[PDB]
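Content type PDB, C-alpha atoms and all ligand atoms, from the file my_file-v7.pdb:
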```pdb
ATOM      1  CA  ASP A   6     145.273  70.928  57.611
ATOM      2  CA  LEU A   7     146.537  74.510  57.349
ATOM      3  CA  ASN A   8     149.761  73.604  55.621
ATOM      4  CA  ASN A   9     148.272  71.514  52.832
ATOM      5  CA  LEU A  10     145.481  73.984  52.183
ATOM      6  CA  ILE A  11     148.027  76.732  51.581
ATOM      7  CA  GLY A  12     150.150  74.307  49.588
ATOM      8  CA  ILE A  13     147.293  73.204  47.343
ATOM      9  CA  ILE A  14     146.324  76.818  46.814
ATOM     10  CA  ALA A  15     149.863  77.939  45.978
ATOM     11  CA  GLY A  16     150.129  75.013  43.544
ATOM     12  CA  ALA A  17     146.727  75.535  42.007
ATOM     13  CA  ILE A  18     147.796  79.095  41.231
ATOM     14  CA  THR A  19     151.355  78.494  39.939
ATOM     15  CA  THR A  20     150.287  75.596  37.732
ATOM     16  CA  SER A  21     147.292  77.462  36.304
ATOM     17  CA  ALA A  22     149.502  80.494  35.686
ATOM     18  CA  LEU A  23     150.919  78.574  32.708
ATOM     19  CA  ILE A  24     147.525  78.292  31.063
ATOM     20  CA  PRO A  25     147.381  81.967  29.888
ATOM     21  CA  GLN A  26     150.835  81.707  28.291
ATOM     22  CA  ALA A  27     149.783  78.528  26.511
ATOM     23  CA  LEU A  28     146.475  80.001  25.301
ATOM     24  CA  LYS A  29     148.172  83.163  24.040
ATOM     25  CA  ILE A  30     150.698  81.291  21.931
ATOM     26  CA  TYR A  31     147.865  79.126  20.591
ATOM     27  CA  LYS A  32     145.511  81.959  19.812
ATOM     28  CA  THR A  33     148.163  84.040  18.037
ATOM     29  CA  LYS A  34     150.235  81.136  16.673
ATOM     30  CA  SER A  35     153.425  83.035  17.548
ATOM     31  CA  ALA A  36     155.965  82.720  20.352
ATOM     32  CA  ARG A  37     158.936  84.639  19.001
ATOM     33  CA  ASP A  38     159.309  86.729  22.162
ATOM     34  CA  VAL A  39     158.789  83.799  24.559
ATOM     35  CA  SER A  40     162.010  82.371  26.006
ATOM     36  CA  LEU A  41     162.636  78.737  25.190
ATOM     37  CA  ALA A  42     165.609  78.550  27.557
ATOM     38  CA  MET A  43     163.418  79.554  30.469
ATOM     39  CA  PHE A  44     160.952  76.754  29.843
ATOM     40  CA  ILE A  45     163.630  74.181  29.043
ATOM     41  CA  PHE A  46     165.334  74.702  32.356
ATOM     42  CA  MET A  47     162.037  75.250  34.189
ATOM     43  CA  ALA A  48     161.021  71.729  33.124
ATOM     44  CA  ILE A  49     164.144  70.060  34.558
ATOM     45  CA  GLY A  50     164.004  72.100  37.756
ATOM     46  CA  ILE A  51     160.337  71.238  38.123
ATOM     47  CA  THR A  52     161.140  67.554  37.671
ATOM     48  CA  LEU A  53     163.626  67.931  40.555
ATOM     49  CA  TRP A  54     161.007  69.771  42.635
ATOM     50  CA  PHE A  55     158.840  66.705  42.047
ATOM     51  CA  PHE A  56     161.542  64.376  43.439
ATOM     52  CA  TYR A  57     161.996  66.726  46.367
ATOM     53  CA  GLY A  58     158.261  66.609  47.106
ATOM     54  CA  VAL A  59     158.399  62.842  47.135
ATOM     55  CA  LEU A  60     161.349  62.730  49.574
ATOM     56  CA  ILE A  61     159.765  65.152  52.098
ATOM     57  CA  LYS A  62     156.422  63.431  51.457
ATOM     58  CA  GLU A  63     154.443  66.547  50.498
ATOM     59  CA  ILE A  64     151.454  66.086  48.180
ATOM     60  CA  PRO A  65     151.072  69.717  47.119
ATOM     61  CA  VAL A  66     154.707  69.837  45.896
ATOM     62  CA  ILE A  67     154.208  66.564  44.077
ATOM     63  CA  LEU A  68     150.962  67.501  42.339
ATOM     64  CA  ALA A  69     151.834  71.046  41.295
ATOM     65  CA  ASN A  70     155.047  69.950  39.688
ATOM     66  CA  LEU A  71     153.730  66.990  37.707
ATOM     67  CA  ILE A  72     150.923  69.086  36.298
ATOM     68  CA  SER A  73     153.106  72.160  35.586
ATOM     69  CA  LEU A  74     155.410  69.803  33.666
ATOM     70  CA  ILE A  75     152.530  68.790  31.389
ATOM     71  CA  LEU A  76     151.574  72.394  30.813
ATOM     72  CA  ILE A  77     155.187  73.473  30.287
ATOM     73  CA  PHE A  78     155.637  70.755  27.735
ATOM     74  CA  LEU A  79     152.668  72.158  25.794
ATOM     75  CA  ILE A  80     154.374  75.510  25.704
ATOM     76  CA  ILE A  81     157.671  74.000  24.553
ATOM     77  CA  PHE A  82     155.806  72.084  21.818
ATOM     78  CA  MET A  83     154.066  75.263  20.538
ATOM     79  CA  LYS A  84     157.291  77.272  20.691
ATOM     80  CA  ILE A  85     158.806  74.650  18.345
ATOM     81  CA  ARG A  86     155.641  74.329  16.206
ATOM     82  CA  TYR A  87     155.175  78.053  15.564
ATOM     83  CA  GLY A  88     158.842  78.794  15.161
TER      84      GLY A  88
ATOM     85  CA  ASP B   6     170.820  66.051  53.930
ATOM     86  CA  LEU B   7     169.539  64.310  50.800
ATOM     87  CA  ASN B   8     166.398  66.473  50.973
ATOM     88  CA  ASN B   9     168.349  69.702  50.979
ATOM     89  CA  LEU B  10     170.534  68.541  48.126
ATOM     90  CA  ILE B  11     167.568  68.046  45.773
ATOM     91  CA  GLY B  12     165.592  71.037  46.994
ATOM     92  CA  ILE B  13     168.432  73.457  46.681
ATOM     93  CA  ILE B  14     169.409  72.077  43.290
ATOM     94  CA  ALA B  15     165.768  72.303  42.155
ATOM     95  CA  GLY B  16     165.472  75.812  43.555
ATOM     96  CA  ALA B  17     168.695  76.910  41.888
ATOM     97  CA  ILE B  18     167.483  75.544  38.595
ATOM     98  CA  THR B  19     163.943  76.955  38.596
ATOM     99  CA  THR B  20     164.915  80.282  40.057
ATOM    100  CA  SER B  21     167.735  80.830  37.515
ATOM    101  CA  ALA B  22     165.456  79.647  34.720
ATOM    102  CA  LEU B  23     163.526  82.912  34.993
ATOM    103  CA  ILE B  24     166.611  84.963  34.070
ATOM    104  CA  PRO B  25     166.725  84.178  30.326
ATOM    105  CA  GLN B  26     163.182  85.535  29.836
ATOM    106  CA  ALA B  27     164.184  88.898  31.344
ATOM    107  CA  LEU B  28     167.414  88.975  29.290
ATOM    108  CA  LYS B  29     165.522  88.102  26.066
ATOM    109  CA  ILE B  30     163.037  90.949  26.463
ATOM    110  CA  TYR B  31     165.871  93.359  27.205
ATOM    111  CA  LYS B  32     168.042  92.237  24.286
ATOM    112  CA  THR B  33     165.310  92.096  21.633
ATOM    113  CA  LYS B  34     163.403  94.965  23.238
ATOM    114  CA  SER B  35     160.168  93.075  22.649
ATOM    115  CA  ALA B  36     157.761  91.175  24.843
ATOM    116  CA  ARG B  37     154.631  90.913  22.685
ATOM    117  CA  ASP B  38     154.184  87.128  22.903
ATOM    118  CA  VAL B  39     155.018  86.972  26.602
ATOM    119  CA  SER B  40     151.911  86.695  28.747
ATOM    120  CA  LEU B  41     151.574  89.348  31.469
ATOM    121  CA  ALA B  42     148.793  87.363  33.107
ATOM    122  CA  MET B  43     151.069  84.320  33.544
ATOM    123  CA  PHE B  44     153.655  86.298  35.525
ATOM    124  CA  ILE B  45     151.144  88.204  37.615
ATOM    125  CA  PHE B  46     149.602  84.882  38.602
ATOM    126  CA  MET B  47     153.022  83.315  39.159
ATOM    127  CA  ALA B  48     153.989  86.134  41.528
ATOM    128  CA  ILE B  49     150.865  85.562  43.638
ATOM    129  CA  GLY B  50     151.309  81.788  43.648
ATOM    130  CA  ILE B  51     155.031  81.893  44.390
ATOM    131  CA  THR B  52     154.296  84.341  47.187
ATOM    132  CA  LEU B  53     152.004  81.636  48.628
ATOM    133  CA  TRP B  54     154.614  78.961  48.125
ATOM    134  CA  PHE B  55     156.843  81.151  50.312
ATOM    135  CA  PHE B  56     154.213  81.068  53.138
ATOM    136  CA  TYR B  57     153.950  77.344  52.643
ATOM    137  CA  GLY B  58     157.706  76.920  52.917
ATOM    138  CA  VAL B  59     157.747  78.797  56.191
ATOM    139  CA  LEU B  60     154.826  76.753  57.520
ATOM    140  CA  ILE B  61     156.290  73.368  56.623
ATOM    141  CA  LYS B  62     159.684  74.844  57.543
ATOM    142  CA  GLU B  63     161.555  74.046  54.335
ATOM    143  CA  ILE B  64     164.333  76.552  53.759
ATOM    144  CA  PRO B  65     164.817  75.565  50.107
ATOM    145  CA  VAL B  66     161.162  76.357  49.415
ATOM    146  CA  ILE B  67     161.395  79.637  51.364
ATOM    147  CA  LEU B  68     164.577  80.946  49.764
ATOM    148  CA  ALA B  69     163.957  79.761  46.170
ATOM    149  CA  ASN B  70     160.594  81.485  46.078
ATOM    150  CA  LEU B  71     161.793  84.786  47.555
ATOM    151  CA  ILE B  72     164.513  85.117  44.933
ATOM    152  CA  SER B  73     162.025  84.071  42.238
ATOM    153  CA  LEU B  74     159.600  86.816  43.277
ATOM    154  CA  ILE B  75     162.246  89.477  42.676
ATOM    155  CA  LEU B  76     163.012  88.062  39.246
ATOM    156  CA  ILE B  77     159.321  87.884  38.374
ATOM    157  CA  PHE B  78     158.847  91.568  39.213
ATOM    158  CA  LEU B  79     161.958  92.186  37.128
ATOM    159  CA  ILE B  80     160.326  90.351  34.194
ATOM    160  CA  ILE B  81     157.003  92.116  34.737
ATOM    161  CA  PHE B  82     158.877  95.408  34.646
ATOM    162  CA  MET B  83     160.424  94.723  31.254
ATOM    163  CA  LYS B  84     157.239  93.276  29.837
ATOM    164  CA  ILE B  85     155.668  96.668  30.451
ATOM    165  CA  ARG B  86     158.537  98.799  29.255
ATOM    166  CA  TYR B  87     158.538  96.923  25.946
TER     167      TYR B  87
HETATM  168  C1  LIG C   1     166.844  86.868  49.821
HETATM  169  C2  LIG C   1     166.701  87.082  48.321
HETATM  170  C3  LIG C   1     166.939  88.530  47.893
HETATM  171  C4  LIG C   1     168.087  88.674  46.893
HETATM  172  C5  LIG C   1     167.617  88.657  45.430
HETATM  173  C6  LIG C   1     168.799  88.666  44.450
HETATM  174  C7  LIG C   1     168.422  88.304  43.011
HETATM  175  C8  LIG C   1     168.002  89.513  42.179
HETATM  176  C9  LIG C   1     168.914  89.700  40.983
HETATM  177  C10 LIG C   1     168.606  90.581  40.028
HETATM  178  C11 LIG C   1     167.333  91.394  40.112
HETATM  179  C12 LIG C   1     167.583  92.765  40.745
HETATM  180  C13 LIG C   1     167.577  93.872  39.693
HETATM  181  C14 LIG C   1     167.472  95.251  40.318
HETATM  182  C15 LIG C   1     166.251  95.973  39.764
HETATM  183  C16 LIG C   1     166.462  96.269  38.285
HETATM  184  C17 LIG C   1     165.366  97.147  37.688
HETATM  185  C18 LIG C   1     165.962  98.497  37.391
HETATM  186  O1  LIG C   1     167.081  98.766  37.777
HETATM  187  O2  LIG C   1     165.249  99.508  36.641
HETATM  188  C19 LIG C   1     166.033 100.536  36.047
HETATM  189  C20 LIG C   1     165.203 101.804  36.064
HETATM  190  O3  LIG C   1     164.063 101.523  36.876
HETATM  191  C21 LIG C   1     164.779 102.200  34.652
HETATM  192  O4  LIG C   1     165.614 103.279  34.215
END
```
Mind turning the file's structure into structure tokens?
Amino acid sequence: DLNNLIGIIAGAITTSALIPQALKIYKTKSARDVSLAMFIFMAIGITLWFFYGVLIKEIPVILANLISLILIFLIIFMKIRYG
Amino acid sequence: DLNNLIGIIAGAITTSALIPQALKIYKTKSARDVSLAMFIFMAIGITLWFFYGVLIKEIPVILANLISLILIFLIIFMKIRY
């Protein structure tokens, strides 16, 4: 399936993109310059993208968003912890 | 109908969510903690989500990701200036 392959690949990449931001905050224990607003609103939007994926029945949309949400929450947690 | 309502609303939220990070770098003139790798990888991935949207023919996926790409380059630009 061409569509899902591309979808999984897009989602593998956008979700994993969050890992370097997480690791950086963790390694340096600082996130002063990181925008909390961005991740706050990203989280809600991403939760809506999840719902959307469920309605149109598309697994790559579903998966990428659930997992990004976990990773985004880490980032939010470290922004608050190292503040 | 319902589908477009959620997609568009999602796309409006996640796309606009990128704006505060650009504004923050510009206002504080600092981007040390911001990860350049994250945004480079997001650009590539979002670019693929755009292809995906066209393939599965979902306009909210297509449009949200195009506007997002512009904003990500915008962010990348200010990460580098500061
Ligand atoms: C179909 C979707 C396409 C429409 C997308 C609309 C959303 C973009 C909004 C703002 C970003 C544009 C900002 C323009 C670029 C700003 C960077 C700049 O001006 O740099 C200054 C100069 O390079 C240094 O002196």
Q: Just need the residues of chain B within 7 Å of chain A, counting only C-alpha atoms, so spit them out as a PyMOL selection string.
A: chain B and resi 8+11-12+15+18-19+22-23+25-26+29+35-40+42-43+46-47+50-51+53-54+57+60-61
Listed atoms of ligand LIG 1 (chain C) boxed along x, y and z, 5 Å each side, centre and edge lengths in Å, one decimal, as lines of an AutoDock Vina configuration file:
```
center_x = 166.5
center_y = 95.1
center_z = 42.0
size_x = 14.9
size_y = 26.4
size_z = 25.6
```
Q: Would you mind listing the residues within 12 Å of ligand LIG 1 (chain C), counting all atoms listed in the file, as a VMD selection string?
A: chain B and resid 17 20 to 21 23 to 25 27 to 28 31 55 64 to 87
Q: State, in Å with one decimal place, the distance from atom CA of residue A:76 to atom CA of residue A:31.
A: 12.8 Å
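Going from atom CA of residue B:41 over to atom CA of residue A:68, you cover 24.4 Å.
Our summary of the geometry notes that atom CA of residue B:62 is positioned 23.7 Å from atom CA of residue A:72.
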Final N, CA and C atoms of stretch 39-55 of chain A as a PDB file, in the coordinates of the input:
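Output saved as out.pdb:
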```pdb
ATOM      1  N   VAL A  39     158.768  84.716  23.422  1.00  0.00           N
ATOM      2  CA  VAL A  39     158.789  83.799  24.559  1.00  0.00           C
ATOM      3  C   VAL A  39     160.146  83.107  24.670  1.00  0.00           C
ATOM      4  N   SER A  40     160.676  82.954  25.878  1.00  0.00           N
ATOM      5  CA  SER A  40     162.010  82.371  26.006  1.00  0.00           C
ATOM      6  C   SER A  40     161.983  80.865  26.128  1.00  0.00           C
ATOM      7  N   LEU A  41     162.600  80.188  25.171  1.00  0.00           N
ATOM      8  CA  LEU A  41     162.636  78.737  25.190  1.00  0.00           C
ATOM      9  C   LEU A  41     163.548  78.245  26.307  1.00  0.00           C
ATOM     10  N   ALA A  42     164.656  78.951  26.518  1.00  0.00           N
ATOM     11  CA  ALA A  42     165.609  78.550  27.557  1.00  0.00           C
ATOM     12  C   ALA A  42     164.923  78.466  28.900  1.00  0.00           C
ATOM     13  N   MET A  43     164.144  79.492  29.216  1.00  0.00           N
ATOM     14  CA  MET A  43     163.418  79.554  30.469  1.00  0.00           C
ATOM     15  C   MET A  43     162.575  78.303  30.678  1.00  0.00           C
ATOM     16  N   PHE A  44     161.843  77.889  29.652  1.00  0.00           N
ATOM     17  CA  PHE A  44     160.952  76.754  29.843  1.00  0.00           C
ATOM     18  C   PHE A  44     161.714  75.435  29.815  1.00  0.00           C
ATOM     19  N   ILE A  45     162.798  75.374  29.045  1.00  0.00           N
ATOM     20  CA  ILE A  45     163.630  74.181  29.043  1.00  0.00           C
ATOM     21  C   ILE A  45     164.124  73.881  30.440  1.00  0.00           C
ATOM     22  N   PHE A  46     164.775  74.866  31.034  1.00  0.00           N
ATOM     23  CA  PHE A  46     165.334  74.702  32.356  1.00  0.00           C
ATOM     24  C   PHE A  46     164.259  74.648  33.445  1.00  0.00           C
ATOM     25  N   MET A  47     163.136  75.333  33.239  1.00  0.00           N
ATOM     26  CA  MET A  47     162.037  75.250  34.189  1.00  0.00           C
ATOM     27  C   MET A  47     161.608  73.784  34.305  1.00  0.00           C
ATOM     28  N   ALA A  48     161.456  73.119  33.159  1.00  0.00           N
ATOM     29  CA  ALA A  48     161.021  71.729  33.124  1.00  0.00           C
ATOM     30  C   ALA A  48     161.916  70.822  33.964  1.00  0.00           C
ATOM     31  N   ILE A  49     163.232  70.889  33.757  1.00  0.00           N
ATOM     32  CA  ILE A  49     164.144  70.060  34.558  1.00  0.00           C
ATOM     33  C   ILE A  49     164.059  70.383  36.038  1.00  0.00           C
ATOM     34  N   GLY A  50     164.085  71.680  36.373  1.00  0.00           N
ATOM     35  CA  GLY A  50     164.004  72.100  37.756  1.00  0.00           C
ATOM     36  C   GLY A  50     162.742  71.571  38.397  1.00  0.00           C
ATOM     37  N   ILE A  51     161.639  71.704  37.674  1.00  0.00           N
ATOM     38  CA  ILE A  51     160.337  71.238  38.123  1.00  0.00           C
ATOM     39  C   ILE A  51     160.304  69.728  38.325  1.00  0.00           C
ATOM     40  N   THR A  52     161.000  68.990  37.467  1.00  0.00           N
ATOM     41  CA  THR A  52     161.140  67.554  37.671  1.00  0.00           C
ATOM     42  C   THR A  52     161.897  67.263  38.978  1.00  0.00           C
ATOM     43  N   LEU A  53     162.929  68.049  39.271  1.00  0.00           N
ATOM     44  CA  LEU A  53     163.626  67.931  40.555  1.00  0.00           C
ATOM     45  C   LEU A  53     162.764  68.357  41.749  1.00  0.00           C
ATOM     46  N   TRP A  54     161.944  69.393  41.582  1.00  0.00           N
ATOM     47  CA  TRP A  54     161.007  69.771  42.635  1.00  0.00           C
ATOM     48  C   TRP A  54     160.042  68.611  42.924  1.00  0.00           C
ATOM     49  N   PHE A  55     159.643  67.899  41.874  1.00  0.00           N
ATOM     50  CA  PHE A  55     158.840  66.705  42.047  1.00  0.00           C
ATOM     51  C   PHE A  55     159.514  65.674  42.958  1.00  0.00           C
TER      52      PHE A  55
END
```
